[PDB]
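1. Sequence and experimental coordinates follow.
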Amino acid sequence: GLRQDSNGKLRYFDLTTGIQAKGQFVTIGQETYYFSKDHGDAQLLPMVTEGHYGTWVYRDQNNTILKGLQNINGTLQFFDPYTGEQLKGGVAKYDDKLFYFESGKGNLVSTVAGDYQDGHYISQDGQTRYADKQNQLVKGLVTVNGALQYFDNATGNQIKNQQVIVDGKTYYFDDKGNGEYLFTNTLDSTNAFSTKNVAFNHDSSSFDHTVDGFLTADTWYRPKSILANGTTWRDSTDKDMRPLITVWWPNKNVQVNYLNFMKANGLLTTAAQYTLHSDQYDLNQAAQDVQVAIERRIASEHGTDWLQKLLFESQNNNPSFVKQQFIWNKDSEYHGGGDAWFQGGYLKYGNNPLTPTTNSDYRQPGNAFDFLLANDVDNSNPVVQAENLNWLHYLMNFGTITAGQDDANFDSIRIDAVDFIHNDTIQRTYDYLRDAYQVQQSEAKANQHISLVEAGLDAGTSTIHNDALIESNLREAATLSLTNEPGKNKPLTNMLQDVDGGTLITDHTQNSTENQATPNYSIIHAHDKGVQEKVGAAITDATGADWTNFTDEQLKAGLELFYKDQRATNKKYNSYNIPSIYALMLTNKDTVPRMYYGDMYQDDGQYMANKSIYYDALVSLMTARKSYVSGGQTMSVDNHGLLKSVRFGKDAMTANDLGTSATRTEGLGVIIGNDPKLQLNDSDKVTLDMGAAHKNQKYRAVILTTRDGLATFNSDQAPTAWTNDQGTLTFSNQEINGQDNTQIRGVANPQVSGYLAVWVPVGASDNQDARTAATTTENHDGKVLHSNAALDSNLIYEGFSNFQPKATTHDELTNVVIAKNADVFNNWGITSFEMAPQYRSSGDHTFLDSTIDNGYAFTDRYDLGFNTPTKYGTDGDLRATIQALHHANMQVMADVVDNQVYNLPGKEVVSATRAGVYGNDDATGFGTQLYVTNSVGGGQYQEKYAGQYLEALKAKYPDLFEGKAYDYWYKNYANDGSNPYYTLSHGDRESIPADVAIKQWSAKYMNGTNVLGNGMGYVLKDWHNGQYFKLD
Ligand SMILES: OC[C@H]1O[C@@H](O)[C@H](O)[C@@H](O)[C@@H]1O
Ligand SMILES: OC[C@H]1O[C@@H](O)[C@H](O)[C@@H](O)[C@@H]1O
Ligand SMILES: OC[C@H]1O[C@@H](O)[C@H](O)[C@@H](O)[C@@H]1O
Ligand SMILES: OC[C@H]1O[C@@H](O)[C@H](O)[C@@H](O)[C@@H]1O
Ligand SMILES: OC[C@H]1O[C@@H](O)[C@H](O)[C@@H](O)[C@@H]1O
Ligand SMILES: OC[C@H]1O[C@@H](O)[C@H](O)[C@@H](O)[C@@H]1O
Ligand SMILES: OC[C@H]1O[C@@H](O)[C@H](O)[C@@H](O)[C@@H]1O
Ligand SMILES: OC[C@H]1O[C@@H](O)[C@H](O)[C@@H](O)[C@@H]1O
Ligand SMILES: OC[C@H]1O[C@@H](O)[C@H](O)[C@@H](O)[C@@H]1O
Ligand SMILES: OC[C@H]1O[C@H](O)[C@H](O)[C@@H](O)[C@@H]1O
Ligand SMILES: [Ca+2]
């Protein structure tokens, strides 16, 4: 061990190997020594005990900042010789050599071979290498321009994206070759003591807390022999179980910490200080002394329950011993990053020869995105694709199946997170609807099953044949030009055309055609879009909580503030110009608008109890839409910055068309301003060109801007204005004919920040309906939907909000109120009622969705409220709602969530790598490891209904079970800064079976999971050679 030479100087020889320590540190008993690299001569580093960290620097009991190398509390640290700043993630020179200090705590962990700042990277043989000042290849572990790196010793190739062991330390090098220290390895005990700790055998009965035959950090085991009472070696009985981490450790960091943890909990008495620089022999020896105290205490306690608590459970509000270790906690999982959109990011499943039950031949994303949250479903898998059809069929026949109630079935779907599931499942979904409802035959069939997706033109399987509507760019455009406070709005010229990354959806300026635009829906808000983050902000502000987890009382208080703010003229959290934006949505041509519940009602009340301040204006616009809105469209922005939008009325596509007798009392004009300080000169005129069908005609207001808000009129009893002989209405800063609120001027109030007026022609009959019926004309162009008058005649209603409170009675339940109010929706002209997703919430609080239980986060996707209600009602309440809506002549939309499942309690082991939403591998210290995942479960109703309809579907619609070639649009981003562009890709979906049900999920049917925080080394292996422990 420690020897003196003939000169009296001390030298050190490794206890296990005999090798002399030169140019390295060693901890002996309680002292830490350095041994010179030349002669191997000892040098005491005096322990620094008393003092503190501050500013980072370290001071002594004398309030003095320390400098250079220091031995602080069993760690060696370095502090700049001048500034005294602590080094972390870098090298310092000592004894004319280089040592690396890890980035966490700044502990000295290793020697580095050289420091290079005067070389050049080069490529040779498609590798990167580095050539030093003398043009020589650099080898080994080095720093280059201040970055730890490693080059293969034989070739000089820079290692990238791998873990590497160098001199018994393990490091990770990223995608750019930049390195970080992970842990220090155990050198190795060989002794007779340890050979009695070896496992009795490798059978499953000798181990517990195992998963799929793998060992975990929590595993207890039966050894060959037990040192009873700390004195007598005996044979183990089947009832002798001891923890594996009392006799074995994955790395030196854990073994050192374990010994220290046992010192602090009074199971090991020594003045010896244990560090990363302690000799392995001594560490091993000390662990054996701990066994002694443990066995002695087991005998005393007649049991092992104290040991369980000591090692594996929290203590004095501290994490357990296990959860204090890097490889067994989230720190070794490297959460976060720009692509980690929710839940700290993802783990992508792979294959391993030892995990045959979780391996997969699929797991291709088949779309732009892959991961989002919770357990991501592998919708490329044929068996999954079949189970997607089964679930889809269940929802489209939900009343039939659950109660033999044929008028209680969903008619249409929303594909949630469409870009996050494989295109084959999306195309197959569309063939199902083709086969069941013949939507491709004619617009009559298509418009009875209006479906939509959560995406724009990027949903290429949805645009290629317009099987469903995509979202227009209205939301975004309006967010630039109208939603903002005074001074922060852009000009309204961006509202003239609806454009998605440079591609045109429709142009409002001079729209006189049909079947040209991409079938789309326009919105401003949705349960998620433009709401949850602004409500989140007000909760956080009013209380303190984070926007995805908080109490119902905190929620309440946040909403109190949210609505006081929504009702004010000046708005910190809320959108400006909401009525105006709706005005545009409800009058624009070539769109199906979708109204948002939360723009008409307030979540500080039960469902539909508390009207919003916008209620009356949005009613008046819906009402006018049905009565008046048809024909072509013009739009322009005048030199005062006012947007002028006109619809001509049925049968008139342009300002010059004379129309028909229907045209006279149809059409309307909209005038919008986003500037509340607008004032016109006395001589200025604002003109709306109503068209040749509307010469010399009396008009009346639907909306007028007042000082305090908006006046709304749902009959011809309203202020009036006349067109001239050309069909032009003319406004100015004066009242028309002595009528208040007919002037144009900027106003700032709770409902408008700028200006809004809507005018319609006088003299419409009480029953006037401007809408156009779909024809049974056969389509020939291969498109399902077509953007024309008939499709524009539709109107969608998104019938929920995330932040509705829980119902306190049956009559307060959402679905009960909906049913009771069915006629109201029809009166407003709603043709499609988009219901919330009706699946029972997992209730796990791991995301916003499972905290307010909106129905997006669920375990059992067939459970739509049986026995006990969801947030919205029971299964009986849901049937009653679907029936009421149908009887009030509306379709009802099922929100189809194929992307993920939550809270699967059953455990499995699968290979995992860190990954972002794109399905891209992240380059992290975690690397690729076997991982214990929460991947098995589902629930009663899945067990009951999954796979049950497949044989019947196969008999009835064989084509869906076959493979099939298909086309779709692919959105290409150009790196050169210009706009994205679309190319025609081809797909070939696989055939799929009808005879394998997914009664419960498991990992072989999943792409991955959100990070769980178990750590890179929770599944136990030998880190010297990388082999997993696996039982028989
Ligand atoms: O745990 C904190 C840090 O520990 C360091 O030794 C590692 O190099 C880092 O990757 C890690 O973030
Ligand atoms: O040679 C004695 C000891 O030297 C220390 O510097 C190393 O960290 C140990 O692994 C080794 O056992
Ligand atoms: O785990 C429970 C049992 O474990 C054995 O190793 C001990 O000798 C018993 O006294 C103890 O009750
Ligand atoms: O409390 C003692 C018991 O703890 C459990 O958690 C372990 O799994 C058992 O093997 C052990 O016998
Ligand atoms: O793999 C298919 C996907 O790849 C992405 O690169 C494109 O942006 C998508 O439009 C396409 O669906
Ligand atoms: O499924 C997770 C998320 O996906 C989105 O597609 C939904 O609209 C959100 O409300 C949801 O929180
Ligand atoms: O390119 C922007 C597009 O992105 C999509 O995610 C949105 O749903 C569209 O409203 C928008 O037009
Ligand atoms: O709105 C629900 C409808 O369901 C029907 O079966 C009832 O018999 C009607 O009275 C009712 O109009
Ligand atoms: O209730 C659904 C309604 O949707 C419309 O778009 C259909 O084309 C109408 O025939 C139907 O009355
Ligand atoms: O220029 C610095 C970069 O050059 C090279 O591309 C290397 O691969 C990378 O290690 C380095 O950071
Ligand atoms: Ca996915």
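-> That came through fine. Numbering: from 1, shown residues only. Ligands and ions are numbered 1, 2, ... in the order given.

2. what residues does the protein put near ligand 8?
-> By Cβ under 6 Å from any ligand atom, the part of the chain that sits against ligand 8 consists of 883, 884, 887. Placement of C-beta: from N, CA and C, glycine included.

3. Okay, the residue in the stretch 51-200 of the chain positioned nearest to ligand 5 and residue 159: tell me how far apart.
-> For the stretch 51-200 of the chain, the nearest residue to ligand 5 under the criterion Cβ to the nearest ligand atom is residue 175, separated by 20.1 Å. Counting by Cβ to Cβ, to the nearest Å, the gap between residue 175 and residue 159 amounts to 11 Å.

4. More neighbours: which of the two?
-> Counting neighbours by other Cβ atoms under 10 Å for residue 175 and for residue 159 shows that residue 159 has the greater number, 19 against 11.

5. just checking, that one touches residue 142?
-> No - taking contacts as Cβ atoms under 8 Å, residue 159 lies outside contact range of residue 142: 11.5 Å.

6. Spit out the residues that contact the two alike.
-> 149, 150, 151 (Cβ atoms under 8 Å, 6 or more residues apart in numbering).

7. Now do the contacts for the residue nearest to residue 680 when sequence neighbours are not counted.
-> Beyond its immediate neighbours in the sequence, the residue positioned closest to residue 680 (Cβ to Cβ, 6 or more residues apart in numbering) is residue 733, lying 4.6 Å away. Contacts of residue 733 were listed using Cβ under 8 Å, 6+ apart, and they are 679, 680, 681, 682, 684, 743, 744, 745.

8. Check the spacing between residue 733 and residue 723 real quick.
-> Using Cβ to Cβ, one gets 20 Å for the distance from residue 733 to residue 723.

9. can you check residue 523 too?
-> 33 Å.

10. Smallest gap between the stretch 701-850 of the chain and ligand 1, at which residue?
-> The minimum distance from the stretch 701-850 of the chain to ligand 1, using Cβ to the nearest ligand atom, falls at residue 846 (23.3 Å).

11. Which helix or strand contains residue 110?
-> Per DSSP states H and E, residue 110 falls inside strand 108-112.

12. Check which helices and strands that strand sits against.
-> In this structure, strand 108-112 makes packing contacts with strand 75-79, strand 97-101, strand 140-144, strand 179-184, judged by 3 or more Cβ pairs under 8 Å, 6 or more residues apart in numbering; DSSP states H and E.

13. let's see it at 7 Å
-> strand 97-101, strand 140-144 (3 or more Cβ pairs under 7 Å, 6 or more residues apart in numbering; DSSP states H and E).

14. can you tell me if the lengthiest helix in the chain touches ligand 4.
-> With residue count as the measure and DSSP state H as the assignment, the chain has helix 280-301 as its longest helix. No - contact between helix 280-301 and ligand 4, assessed by Cβ under 6 Å from any ligand atom, is absent, since the two come no nearer than 9.4 Å.

15. Buried residues in that helix, which are they?
-> By neighbour count on 16 or more other Cβ atoms under 10 Å, the buried set for helix 280-301 is 280-284, 286-287, 289-291, 293-298.

16. how about the nearest residue to residue 816, chain neighbours excluded?
-> Ranked by Cβ to Cβ, 6+ apart and with sequence neighbours excluded, the top spatial neighbour of residue 816 is residue 877, at 5.6 Å.

17. and the helix or strand hosting that neighbour, how far from the chain's centre?
-> Assigned by DSSP H and E, residue 877 belongs to helix 875-887. A distance of 32 Å separates the centroid of the chain from that of helix 875-887, by Cα atoms, centre = their mean, to the nearest Å.

18. How about residues contacting it?
-> Outside helix 875-887, the residues that touch it by Cβ atoms under 7 Å, 6 or more residues apart in numbering are 399, 402-403, 405, 407-410, 813, 815-816, 818-819, 822, 833, 838, 864-866, 892.

19. Kindly list the main-chain dihedrals of the nearest residue to residue 272 once chain neighbours are set aside?
-> What sits nearest to residue 272 in space, not counting adjacent residues and going by Cβ to Cβ, 6+ apart, is residue 29, at 5.2 Å. Main-chain dihedrals, residue 29, degrees, to the nearest 10: phi 40, psi -100.

20. Residue 274 is in contact with residue 29, correct?
-> No - counting by Cβ atoms under 7 Å, residue 29 stays clear of residue 274, with 10.6 Å between them.

21. And those two? Which one has more around it.
-> For the pair residue 29 and residue 274, the greater number of neighbours falls to residue 274 (23 against 12), based on other Cβ under 10 Å.

22. quick one, what contacts the more buried one?
-> Residue 274 is in contact with 256, 259, 260, 283, 286, counting by Cβ under 7 Å, 6+ apart.

23. Mind putting these into a markdown table with distance to ligand 2?
-> Listed next are those as a markdown table, based on distance: Cβ to the nearest ligand atom, whole Å:
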| residue | distance to ligand 2 |
| --- | --- |
| 256 | 10 |
| 259 | 14 |
| 260 | 16 |
| 283 | 8 |
| 286 | 13 |
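
24. any idea which of the residues you listed is the one closest to ligand 11?
-> Using Cβ to the ion, residue 256 is the member of those that sits closest to ligand 11, with 41.5 Å.

25. quick check, the helix or strand harbouring that closest one touching ligand 1?
-> For residue 256, the element it lies in under DSSP H and E is helix 252-264. No - Helix 252-264 lies out of reach of ligand 1 by Cβ under 6 Å from any ligand atom, never closer than 9.2 Å.

26. Would you mind listing the buried residues in that helix?
-> Residues of helix 252-264 classed as buried: 252, 253, 254, 255, 256, 257, 258, 259, 260, 261, 262, 263 (neighbour count, 16+ other Cβ under 10 Å).

27. Got the domain ranges for the chain?
-> Each domain of the chain is listed here as a residue range: 1-184, 185-345+1020-1032, 346-470+894-1016, 472-892, per curated CATH domains.

28. What is the end-to-end distance of the longest one?
-> The one in question is domain 472-892. Distance between the boundary residues of domain 472-892 (Cα to Cα, to the nearest Å) amounts to 21 Å.
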